[PDB]
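Participant: Opening piece of a complex, kept in its complex position:
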Amino acid sequence: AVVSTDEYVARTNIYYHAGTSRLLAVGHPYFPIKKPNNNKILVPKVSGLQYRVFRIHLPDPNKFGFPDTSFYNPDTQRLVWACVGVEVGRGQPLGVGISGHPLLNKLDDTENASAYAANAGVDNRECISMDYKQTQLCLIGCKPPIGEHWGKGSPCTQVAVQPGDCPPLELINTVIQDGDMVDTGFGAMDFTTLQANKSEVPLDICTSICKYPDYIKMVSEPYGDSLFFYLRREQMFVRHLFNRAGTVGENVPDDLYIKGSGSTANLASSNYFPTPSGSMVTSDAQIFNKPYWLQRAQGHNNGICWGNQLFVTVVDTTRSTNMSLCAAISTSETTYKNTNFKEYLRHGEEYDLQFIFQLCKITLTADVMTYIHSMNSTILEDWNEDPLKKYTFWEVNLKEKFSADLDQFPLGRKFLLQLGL
């Protein structure tokens, strides 16, 4: 049986504040700029539509040097940091971005038509953009976040997959890495392996995987380390209703309609797809720049940062403004020429993480050691190399950032005022 950490984790009266200075990220909104011949990334892809997964490193409270150490017995017990307060500061002005594709697979406008559309020739793709669905979310836990998305499932050993055959789906659980993309209105799927077309969605998600937090799975998690607190806010509506060019993969059963004739003799593509639109963004609806007091967790792990680690996942599309900056090739002619100017796109993100940590102690009794050993043997081994080297996240080092004077920091003042004593 699993038990609340409140059972075996003792709470001291010591609190420390810790915060990143001010994280900054600048890059191209849709794709990374690199040397054609090369593969080294010159400019990275930085979009408001990517997940930001911060791997927070905390100083080992056992190796740490406290002014007083009488508060615990280093022989019978050990120390762990407990996250009690978080403030995800965001810094750019609110605004909405926009993504498209020069060759988006969009046949005709099916929202309203005055006459039957012509006939699909070869490549009827259009240059089209859209404002993605709005999403604000924040996940906190001592284990990285887990997402779900639809990918291409493995086929059954029978009927040989005829070329062009529809690929099988499979919900795939994955670890959400820093830089991954969020569902933008086309659901959470792997567009690379499910869309040979390469033109069904805008460039920025076009050959990526849009993942959705698997909240269900994470909360079911027995120990609940992956996430002990979260805030989600997503909204979306249909801006336009389109058709997909291409060829019928699956025909419309004729028992569903009466054959036409002349123009209506041939059925138009009924492979419709809508254009998303996350409406207006607003201050009143902000999730960030507000402190989160992680006092009572719904999981058994009540904010204990086992391994002196801490994960903070964030997605904020309420500051997705992309800025176009163009340089002139010549500063002479007083006559505009498109060609005299090179147009570019850049997007900036501004973060500022702040935390309030509470020192905790664990008396290593038999039972406790058995439990903690079962739960996560590494805990004890590390007490008296990176297991997630495969994954990549925004590394954040706070080992030199802890301060006992909450007083001197904004999140600190807030915490004191909130907790009174």
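Facilitator: Yep, that arrived. Residues are numbered from 1 along each chain as shown, chains lettered A, B, ... in the order given.
Participant: Every contact and neighbour count from this point should use C-alpha atoms.
Facilitator: Will do.
Participant: Tell me which residue lies nearest the centroid of chain A.
Facilitator: residue A:51 (2.3 Å; Cα atoms, centre = their mean).
Participant: Hmm, residue A:349 and it touching each other?
Facilitator: No - taking contacts as Cα atoms under 8 Å, residue A:51 lies outside contact range of residue A:349: 11.8 Å.
Participant: Quick one: residues contacting the closest residue to residue A:83 other than its chain neighbours.
Facilitator: Leaving aside its sequence neighbours, residue A:83 sits nearest to residue A:357 (Cα to Cα, 6 or more residues apart in numbering; 4.8 Å). Neighbouring residues of residue A:357 by Cα atoms under 8 Å, 6 or more residues apart in numbering: A:15, A:16, A:17, A:18, A:81, A:82, A:83, A:84, A:85.
Participant: I'd like those residues laid out as CSV, including neighbour count and distance to residue A:345.
Facilitator: Below are those laid out as CSV (neighbours: other Cα atoms under 10 Å; distance: Cα to Cα, whole Å):
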residue, neighbour count, distance to residue A:345
A:15, 20, 44
A:16, 18, 41
A:17, 24, 37
A:18, 23, 34
A:81, 27, 42
A:82, 24, 41
A:83, 25, 38
A:84, 19, 39
A:85, 21, 36
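Participant: Kindly indicate which of the residues you listed lies nearest residue A:404.
Facilitator: Nearest to residue A:404 among the contacts of residue A:357: residue A:16, at 4.7 Å, using Cα to Cα.
Participant: what's near enough to touch that closest one?
Facilitator: A:356, A:357, A:358, A:402, A:403, A:404, A:405, A:406.
Participant: Narrow the contacts of residue A:357 to those in strands?
Facilitator: Counting by DSSP state E, those place A:15, A:16, A:17, A:18, A:81, A:82, A:83, A:84, A:85 in strands.
Participant: need those residues in TSV with distance to residue A:32, can you?
Facilitator: Shown next, in TSV, are these (distance: Cα to Cα, whole Å):
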residue	distance to residue A:32
A:15	42
A:16	39
A:17	36
A:18	32
A:81	37
A:82	38
A:83	35
A:84	37
A:85	35
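Participant: quick one, what contacts residue A:206?
Facilitator: By Cα under 8 Å, 6+ apart, the contact list for residue A:206 reads A:191, A:192, A:198, A:199, A:200.
Participant: one more, chain B:
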Amino acid sequence: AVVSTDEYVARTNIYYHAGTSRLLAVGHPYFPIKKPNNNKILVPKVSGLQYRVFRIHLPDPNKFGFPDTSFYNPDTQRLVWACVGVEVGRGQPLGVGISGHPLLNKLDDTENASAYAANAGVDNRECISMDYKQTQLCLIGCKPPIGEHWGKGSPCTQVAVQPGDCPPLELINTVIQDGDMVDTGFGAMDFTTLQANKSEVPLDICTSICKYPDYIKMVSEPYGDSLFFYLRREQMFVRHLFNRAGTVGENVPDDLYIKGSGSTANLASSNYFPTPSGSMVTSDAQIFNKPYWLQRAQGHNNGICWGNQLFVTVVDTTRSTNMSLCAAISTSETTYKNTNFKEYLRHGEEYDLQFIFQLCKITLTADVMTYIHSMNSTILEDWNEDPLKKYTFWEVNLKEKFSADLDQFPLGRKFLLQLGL
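Facilitator: Once chain B is put in with the chains from before, the structure reads:
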């Protein structure tokens, strides 16, 4: 260590009211009107999209002439004014402005297209306007406000910048001056140094810098003098989705799409940009014409106006109505002729600041003098020339506006009723 002003600043029982008569500002909404041959400003640029930074001058409480002076010892202590109540009155009717550019860099409409767009020739710019993002904000402190914006960073001494190369970005902290522009939906950046084009955004921000309050930095500030109170309200949504004319600064990696042919042989500009729109404006959402009671500050400076100064920054786009007024060149002909009427544009802004100040005393002990000295030496030096002469703000002199009869003023009545005694 920094400490709350409540530690060393003593609160008396004397309160004074002070207020501007009624500030008025009239000018052209997009640019200043001046003599061509000259440079003297004939008509200033006045827009609802500019920051209004008021530099409030208060009479030195030490030089002031109070009816009674027994309440303190002018030998052991000194006097400082503490802001306890503010009312930013606004006076025009609610309404929304509008800004454009006769030659805005807008290729084609990418929100929905029935056929692949033509081909960029020379100068495809269009005369286009838009309703900027709505913004309401008020910053109060004893130091001028600080903003952030993206500008052209200094290049790394290596690869010689090829003409037309994309310029490097750099978040630049600046002092927000009266007259500066607010992000309008294109983010906070220096369009002059980041867009040689001179046609990416409407005239009014076209060659300006749109700055955004750096709330994070200001609140991090140790003493918290720059701002001890603020209200922010911003909203925005995507009205239109466009394309940028010009030449590819950075090409779309071909692993992101399948080459076209014929018309779709040549990739259309995927340098999209959206048109902002701050929706409807409403009374229920007003931030002004309401009193603010600065009783408990989140910073250590609890509204103490060191230097007998006080800063009030405001941005209100909920009264951005521009009025067109045209005069006839001739009052004869009874037949309209566009030729016979000169069309103009003017915008008016109406303010009315009101404050409630509480007298305070500081016993100049050793420790206190050491602290205040470290904090801001000028404090003591001034006690028993302008350090921000470089910057410009709406100067407001209140030295002859203090009154002990709160009773006689609207903000004063509100204050008494609110504070009971």
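Participant: ok chain B is loaded, check the contacts of residue A:206 again?
Facilitator: Taking Cα atoms under 8 Å, 6 or more residues apart in numbering or on different chains, we find residue A:206 in contact with A:191, A:192, A:198, A:199, A:200, B:256.
Participant: Return the distance of the last one relative to chain A.
Facilitator: Right, residue B:256. From residue B:256 across to chain A, the span is 6 Å (Cα to the nearest Cα, to the nearest Å).
Participant: Could you verify my assumption that that residue touches residue A:207?
Facilitator: Yes - with contacts counted by Cα under 8 Å, residue B:256 reaches residue A:207, the gap being 6.4 Å.
Participant: does residue A:388 sit in a helix, a strand or a coil?
Facilitator: Judged by DSSP: H, G, I helix; E, B strand; the rest coil, the three-state class of residue A:388 is coil.
Participant: show me where the stretch 1-150 of chain A has strands.
Facilitator: Here the stretch 1-150 of chain A has its strands, by DSSP state E, counting those that start in this stretch, at A:10-19, A:23-27, A:33-34, A:41-43, A:52-57, A:77-90, A:99-104, A:126-130, A:134-141, A:146-152.
Participant: Could I get these in TSV, plus columns for distance to chain B?
Facilitator: Formatted as TSV, the strands of the stretch 1-150 of chain A follow (distance: least, Cα to the nearest Cα, whole Å):
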stretch	distance to chain B
strand A:10-19	11
strand A:23-27	8
strand A:33-34	7
strand A:41-43	11
strand A:52-57	19
strand A:77-90	7
strand A:99-104	5
strand A:126-130	5
strand A:134-141	11
strand A:146-152	18
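Participant: which one among the contacts of residue A:206 gets closest to residue B:170?
Facilitator: Nearest to residue B:170, judged by Cα to Cα, of the contacts of residue A:206 is residue B:256 at 29.0 Å.
Participant: next one: phi and psi at the closest one?
Facilitator: Residue B:256 adopts backbone torsions of phi -100, psi 10, taken as degrees, to the nearest 10.
Participant: Also residue A:192?
Facilitator: Per-residue torsions, residue A:192: phi -70, psi -50 (degrees, to the nearest 10).
Participant: residues in contact with it?
Facilitator: A:198, A:206, A:207, A:208, A:209.
Participant: Serialize the residues you listed to CSV and add fields for distance to residue A:89 and secondary structure.
Facilitator: Listed next are the contacts of residue A:192 as CSV, based on distance: Cα to Cα, whole Å; DSSP: H, G, I helix; E, B strand; the rest coil:
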residue, distance to residue A:89, secondary structure
A:198, 36, coil
A:206, 30, helix
A:207, 31, coil
A:208, 28, coil
A:209, 27, strand
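Participant: Chain C next, sequence below:
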Amino acid sequence: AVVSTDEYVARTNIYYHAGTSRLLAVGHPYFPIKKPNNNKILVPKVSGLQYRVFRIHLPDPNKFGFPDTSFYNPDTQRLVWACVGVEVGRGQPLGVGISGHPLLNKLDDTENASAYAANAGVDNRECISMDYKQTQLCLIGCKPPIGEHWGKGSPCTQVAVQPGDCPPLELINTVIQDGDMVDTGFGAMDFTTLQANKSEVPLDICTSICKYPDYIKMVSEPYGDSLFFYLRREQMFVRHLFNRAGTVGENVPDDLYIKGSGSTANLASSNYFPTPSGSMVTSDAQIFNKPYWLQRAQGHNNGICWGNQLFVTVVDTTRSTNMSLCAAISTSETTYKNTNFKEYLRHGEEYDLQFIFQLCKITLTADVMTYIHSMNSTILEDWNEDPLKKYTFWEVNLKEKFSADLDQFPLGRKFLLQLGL
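Facilitator: Chain C added:
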């Protein structure tokens, strides 16, 4: 020094109810219908966009005939009516009007253009309508309401105003009269003297003055008689973005853009103007048909109706429905002919004012008489001709409408129930 009326005005226990039967107003929405050769008004202009200023006449409590007169001494004191409850009843169904101009100065649509617009010829005016900004407001006091609007200021004696020169602006305070127009989305200004064009705005405000309540000034008012209670609710958003035909009054500084060529050689009018739109109207947002209890006024005059007068200003555009009614010239032919039907427009407004008044007494001591004398000498003179004959308002006589049985009226029941005893 001014003082609250609670100081010198005594409150009796007598309460009276008074109310208009049901005021009704019918006329043409845009302009008055009169005899061409004549000037007598045949049908008046009645629009939901006009101010309704009611001049309420009360019976002199001193001349009044009460059943009992022991409650006061007619030698040492005098009587005044105090307004304690008001109910502005409105009666038509909720709905939105619409106003336009057959020759509105609207060059091209600047919200989105696919090619550079043609060239302004002679008279490019269009027949255009719009739905004005929604406004609901109610002002109550014992003095008429005061508004503000921009008008043509007086010129400085220097540079002879060249014909067509932009006229100078000046905020002008005025008395708000019954029938005046409310800002409709083009701000509060005098379109007659500021727009020679006569085609900048719809007919109904085209040659009128749109005034806005000068809430700041009225509340600053020392005695606060002009308004001791108010409710305001206004909202508006940009429906369309247009261009103004006519000739450049002020040219666009060339440092703001790069000269064009060919079609873009000539700059298009950058004299943009938006089309307003007061969104949806709703019950939940109604201000009227609700009682207002004027118990504690923010001004010094706590609802005392000096002069036995009372002003109730209202503006309600949530019932601005205009109804078109056409009569057939012939009732024969069974074939429609536009020539056979004369189309017209009419708008109806329905009001019903109800009040609860509390009798008050003033012992005429020396000090009291000095005060009241300074405040408004007429008070005393009238105690033991019309000073606003110049202005016009909906005259309402209630001298025969007072009743001591609040019980018998809806506002009266409400009042009793509210005030318990």
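Participant: what do you get for the contacts of residue A:206 once chain C is counted?
Facilitator: In this structure, residue A:206 makes contact with A:191, A:192, A:198, A:199, A:200, B:256, judged by Cα under 8 Å, 6+ apart.
Participant: mind checking how far it is from residue C:332?
Facilitator: Here the criterion is Cα to Cα, to the nearest Å. By it, residue A:206 lies 68 Å from residue C:332.
Participant: likewise residue A:321?
Facilitator: For residue A:321, the distance to residue C:332 - Cα to Cα - is 65 Å.
Participant: Which residue of the two possesses the greater neighbour count?
Facilitator: residue A:321 (27 against 8; other Cα atoms under 10 Å in any protein chain shown).
Participant: The more buried one against residue A:96, yeah?
Facilitator: Yes - counting by Cα under 8 Å, residue A:321 does reach residue A:96; the two are 5.0 Å apart.
Participant: Common neighbours of these two, please.
Facilitator: Joint contacts of residue A:321 and residue A:96 (Cα under 8 Å, 6+ apart) are residue B:185.
Participant: for residue A:327, helix, strand, or coil?
Facilitator: Applying three-state DSSP: residue A:327 is strand.
Participant: so which residue of the stretch 151-300 of chain A comes closest to chain C?
Facilitator: residue A:280 (13.9 Å; Cα to the nearest Cα).
Participant: which element is the closest residue to that residue other than its chain neighbours on?
Facilitator: Leaving aside its chain neighbours, residue A:280 sits nearest to residue B:237 (4.2 Å; criterion: Cα to Cα, 6 or more residues apart in numbering or on different chains). Using DSSP states H and E, residue B:237 falls within strand B:229-243.
Participant: now swap in residue A:299 and tell me
Facilitator: Per DSSP H and E, there is no helix or strand for residue A:299.
Participant: Could you report the separation of it from residue A:5?
Facilitator: Distance of residue A:299 to residue A:5, computed by Cα to Cα: 9 Å.
Participant: And those two? Which one has more around it.
Facilitator: More crowded of residue A:299 and residue A:5, by other Cα under 10 Å: residue A:299, with 22 against 16.
Participant: tell me the contacts of the nearest residue to that one once chain neighbours are set aside?
Facilitator: Once flanking residues are discounted, residue A:299 sits nearest to residue A:224: 5.1 Å by Cα to Cα, 6+ apart. Residue A:224 is in contact with A:218, A:299, A:300, A:301, counting by Cα under 8 Å, 6+ apart.
Participant: mind redoing it with 10 Å?
Facilitator: For residue A:224, the contacting residues are A:2, A:4, A:141-143, A:217-218, A:297-303, by Cα atoms under 10 Å, 6 or more residues apart in numbering or on different chains.
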